[PDB]
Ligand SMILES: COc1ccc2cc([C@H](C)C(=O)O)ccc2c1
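Take a look at this single chain in structure tokens; it is the form solved without this ligand.
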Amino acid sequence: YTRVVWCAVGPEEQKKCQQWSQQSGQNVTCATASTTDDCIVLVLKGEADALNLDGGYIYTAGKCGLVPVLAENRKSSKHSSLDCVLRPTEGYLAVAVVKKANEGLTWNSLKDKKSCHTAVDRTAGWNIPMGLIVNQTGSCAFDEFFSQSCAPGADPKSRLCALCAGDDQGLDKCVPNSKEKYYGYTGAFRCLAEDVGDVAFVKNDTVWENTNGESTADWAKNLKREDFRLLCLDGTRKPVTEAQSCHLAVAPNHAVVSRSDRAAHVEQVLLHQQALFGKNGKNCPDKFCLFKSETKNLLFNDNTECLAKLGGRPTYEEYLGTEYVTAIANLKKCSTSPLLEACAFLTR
């Protein structure tokens, strides 16, 4: 009970957790498992107390009877808000943007249209819109929904890659990294800017960044924000400035999760742990850093500024929100989780 057992996924996280444990003087200790699903099970089973999960996993742990403890507060990825512990920063906005000059285009007029995605299986670029598209329709065949798309990471033979176009030489088509020209936020946005796609699924921050002189890239630079609208779920459209009222869903901050019975205590422990090892912590560079990893995002995301208070005791569905929940629930209906299945079994 006094200790808090963390669940690491992989040897790289395991190693980092071991150094944490050591430095914490054994108040934090570590269970390791091969998959995230396996950790949620350990926690469900009381053999581990906590770990930190992404949105899809919060949903799934949520359904199995786990709850969010502290939210991972971003910085912006560099830059500013404060103070970090008391207020959770909202979490970025997934938007669907289309050219203003195209007005015969709405959230309900997207079938057989052309789509530009950031990547397959990303939150803003894939998971939220396709999750919601299939809410709209009731089919799991979102793959057949757009006539053509650029969805980096999908099958290159398929319609979902038909719009990607690799790099200068056309090489590495539909690859899920920067080498694919319409990869990521910028690329998805360029895909719409050059009218290769009808709709681009990005975040609010994306059009601001590539319009009106934020970017100098030859494709971006003479771009105008005027020229782009946002597709809201009420079927209307609005300017890019109004993302807060015209988005698909919020992309959830990663969060620590726990048995409700243990939430108070793991919380209490981590607040002190980050005072020791967090961004201003007594001991960070000096002995150990909670939000730095020798590889990438081990245990927490590297751009995490602190763990922050919920205020308080939200369920998963109140943490994620109705749109995000509808989104993921739709995805998981279409491609099941063994764990979600397991959690619905009447033998647990």
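Heads up: residue numbers just count along the shown sequence, starting at 1.
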*In at least one third of the other PDB entries compared, is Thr336 left unmodelled?*
yes
*Higher mean Cα B-factor in the deposited model: 303-311 or 45-53?*
303-311
*Mean C-alpha B-factor higher for 212-220, or for 265-273?*
212-220
*Select one of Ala124, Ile133, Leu82, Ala151: the residue whose C-alpha shows the highest B-factor in the crystal structure entry.*
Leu82
*Among the candidates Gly187, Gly104, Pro176, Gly197, give the one with the maximum CA B-factor reported in the record.*
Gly104
*Taking the entry's C-alpha B-factors for this chain, is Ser77 in the lowest, middle or highest third?*
highest
*Assigned third (lowest, middle, highest) for the C-alpha B factor of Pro129*: lowest
_Going by the CA temperature factor in the PDB record, which third of the chain does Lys157 belong to: lowest, middle or highest?_
highest
*asked:* Ranking every modelled residue in this chain by its Cα temperature factor as given in the entry, which third contains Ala251?
replied: lowest
*Consider only the C-alpha atoms of the modelled residues in this chain, order them by B-factor as the entry records it, and name the third containing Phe345: lowest, middle or highest.*
middle
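The discussion below concerns the form deposited with this ligand bound, not included here.
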*Once the site C-alphas are superposed and this ligand is modelled as in the deposited bound form, is the result open or blocked, blocked being 3 or more ligand atoms within 2.4 Å of any backbone or C-beta atom of this form?*
blocked
*Of these, 193-201, 159-167, 143-151, 247-255, which stretch puts a heavy atom within 4.5 angstroms of this ligand in the deposited bound form?*
247-255
*Is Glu90 close enough to this ligand in the deposited bound form to count, meaning some heavy atom within 4.5 Å?*
yes
*May I ask you to check whether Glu47 falls inside a 4.5 Å heavy atom distance of this ligand in the deposited bound form?*
no
*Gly65: touches this ligand in the deposited bound form, heavy atom cutoff 4.5 angstroms*: no
*Answer with yes or no whether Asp302 is in contact with this ligand in the deposited bound form, where contact means some heavy atom within 4.5 Å.*
no
*Decide which of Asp121, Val250, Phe145, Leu298 coincides with the hinge of the rigid-body turn seen between this form and the one not shown.*
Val250
*Closer or farther: how do the CA atoms of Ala251 and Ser81 lie in the deposited bound form, compared with the form shown, if the change is at least 3 Å?*
farther
*asked:* Assuming the CA distance changes by 3 angstroms or more, are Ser139 and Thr315 closer together or farther apart in the deposited bound form compared with the shown structure?
replied: farther
